[PDB]
Each structure stands twice: as structure tokens, then as C-alpha cells.
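Enquirer: Can you read through this structure? Questions will come right after.
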Amino acid sequence: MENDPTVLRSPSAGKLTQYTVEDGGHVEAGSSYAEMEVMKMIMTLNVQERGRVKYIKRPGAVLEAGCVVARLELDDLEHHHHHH
């Protein structure tokens with residue numbers, strides 16, 4: 001329902017096989033952020049846009065079609081204020 005761009009969800013029910021990036025791993029659109037070994041075959045999860053991926057579920061947890069496996073830190077508050 002609330003499919004926001006700053007989020008991530010598995011396409012189908014599977015299982016967290018491993019991870020290609022730690023919590024908040026900066027990855028651009030198309031870049032894999034994790035993986036999920038389903039009863040069918042092995043696959044890699046990637047982001048739909050540029051941003052920092054934040055793991056939500058725990059390692060080994062079973063993925064579900066629609067469940068949020070992670071998140072996305074989109075450049076929303078891209079404030080340009082640097083002065084030191």
C-alpha cells in the first residue's frame with residue numbers, strides 16, 4: 001500500500017541468505033544491497049534509486065512477498081550548509 005521510494009521490500013517470499021552491504025550501506029540505483037535464497041533459486045536484492053540502505057529485518061529471517069526487508073535513505077533533507 002504505502003510503497004515509498006525511501007524503503008525496500010522483497011519481491012516474493014524467501015529467506016535472507018546474506019548481505020552485500022552493512023547497515024546504511026551507501027548504494028546507487030541498481031546496486032545490490034543484499035541477497036535472498038528462495039526455494040526456486042538464488043537472487044540479489046538491489047535499490048530502486050540512489051541512497052543509503054538501512055537493514056530492517058534480522059539476519060537469516062525469512063523474507064515475505066511485500067514485507068520490508070530494508071529501507072532507503074533518500075537525499076530528502078539535502079541541506080547545503082557547510083561552514084567551519
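We label chains A, B, ... in the order they appear in the C-alpha cells, count residues from 1 in each chain, and number ligands from 1 in the order shown.
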Would you please give, as a ChimeraX atom specification, all residues of chain A that DSSP assigns to strand (DSSP E) based on the backbone?
Expert: /A:7-8,16-19,25-27,32-37,42-46,51-55,70-73
Enquirer: Leaving out stretch 40-53 of chain A and any residue of its chain fewer than 2 positions from it, which residues lie within 6 Å of it when counting only C-alpha atoms, given as an mmCIF file with N, CA and C atoms, in the first residue's frame?
Expert:
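The result, written out as around.cif:
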```cif
data_model
loop_
_atom_site.group_PDB
_atom_site.id
_atom_site.type_symbol
_atom_site.label_atom_id
_atom_site.label_comp_id
_atom_site.auth_asym_id
_atom_site.auth_seq_id
_atom_site.Cartn_x
_atom_site.Cartn_y
_atom_site.Cartn_z
ATOM 1 N N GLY A 24 23.033 0.694 6.503
ATOM 2 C CA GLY A 24 23.248 2.027 5.971
ATOM 3 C C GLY A 24 24.294 2.050 4.873
ATOM 4 N N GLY A 25 24.464 0.918 4.198
ATOM 5 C CA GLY A 25 25.440 0.833 3.127
ATOM 6 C C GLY A 25 25.057 1.675 1.926
ATOM 7 N N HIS A 26 25.849 2.705 1.649
ATOM 8 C CA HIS A 26 25.585 3.591 0.520
ATOM 9 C C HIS A 26 25.644 2.825 -0.798
ATOM 10 N N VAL A 27 24.532 2.828 -1.528
ATOM 11 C CA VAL A 27 24.457 2.134 -2.808
ATOM 12 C C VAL A 27 23.562 2.885 -3.789
ATOM 13 N N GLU A 28 24.019 2.997 -5.032
ATOM 14 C CA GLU A 28 23.257 3.690 -6.065
ATOM 15 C C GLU A 28 22.229 2.755 -6.700
ATOM 16 N N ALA A 29 21.249 3.338 -7.385
ATOM 17 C CA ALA A 29 20.203 2.561 -8.042
ATOM 18 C C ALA A 29 20.791 1.411 -8.856
ATOM 19 N N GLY A 30 20.260 0.210 -8.646
ATOM 20 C CA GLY A 30 20.744 -0.951 -9.369
ATOM 21 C C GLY A 30 21.785 -1.731 -8.587
ATOM 22 N N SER A 31 22.463 -1.055 -7.666
ATOM 23 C CA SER A 31 23.491 -1.695 -6.852
ATOM 24 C C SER A 31 22.866 -2.644 -5.835
ATOM 25 N N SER A 32 23.365 -3.875 -5.798
ATOM 26 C CA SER A 32 22.856 -4.879 -4.872
ATOM 27 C C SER A 32 23.179 -4.502 -3.429
ATOM 28 N N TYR A 33 22.211 -4.698 -2.541
ATOM 29 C CA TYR A 33 22.391 -4.378 -1.128
ATOM 30 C C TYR A 33 22.304 -5.632 -0.257
ATOM 31 N N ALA A 34 21.817 -6.726 -0.836
ATOM 32 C CA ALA A 34 21.686 -7.982 -0.107
ATOM 33 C C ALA A 34 21.279 -9.115 -1.040
ATOM 34 N N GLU A 35 20.932 -10.258 -0.460
ATOM 35 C CA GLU A 35 20.524 -11.418 -1.241
ATOM 36 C C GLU A 35 19.458 -12.219 -0.506
ATOM 37 N N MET A 36 18.788 -13.108 -1.232
ATOM 38 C CA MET A 36 17.746 -13.940 -0.647
ATOM 39 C C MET A 36 17.615 -15.258 -1.404
ATOM 40 N N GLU A 37 17.883 -16.361 -0.712
ATOM 41 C CA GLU A 37 17.798 -17.683 -1.320
ATOM 42 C C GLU A 37 16.396 -18.264 -1.171
ATOM 43 N N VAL A 38 15.627 -18.221 -2.253
ATOM 44 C CA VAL A 38 14.269 -18.746 -2.251
ATOM 45 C C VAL A 38 14.259 -20.209 -2.692
ATOM 46 N N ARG A 71 15.376 -0.506 4.137
ATOM 47 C CA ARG A 71 14.894 0.851 3.904
ATOM 48 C C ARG A 71 15.802 1.587 2.923
ATOM 49 N N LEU A 72 15.511 2.864 2.697
ATOM 50 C CA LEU A 72 16.302 3.677 1.782
ATOM 51 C C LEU A 72 16.412 5.114 2.282
ATOM 52 N N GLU A 73 17.643 5.584 2.450
ATOM 53 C CA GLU A 73 17.884 6.944 2.915
ATOM 54 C C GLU A 73 18.016 7.904 1.735
ATOM 55 N N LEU A 74 16.883 8.270 1.146
ATOM 56 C CA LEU A 74 16.876 9.181 0.007
ATOM 57 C C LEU A 74 17.380 10.563 0.406
#
```
Enquirer: Rank A:66, A:54, A:60, A:81 by their smallest atom-to-atom distance to residue A:6, using only C-alpha atoms, and report the top residue only.
Expert: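 Closest to residue A:6 of all the choices is A:54.
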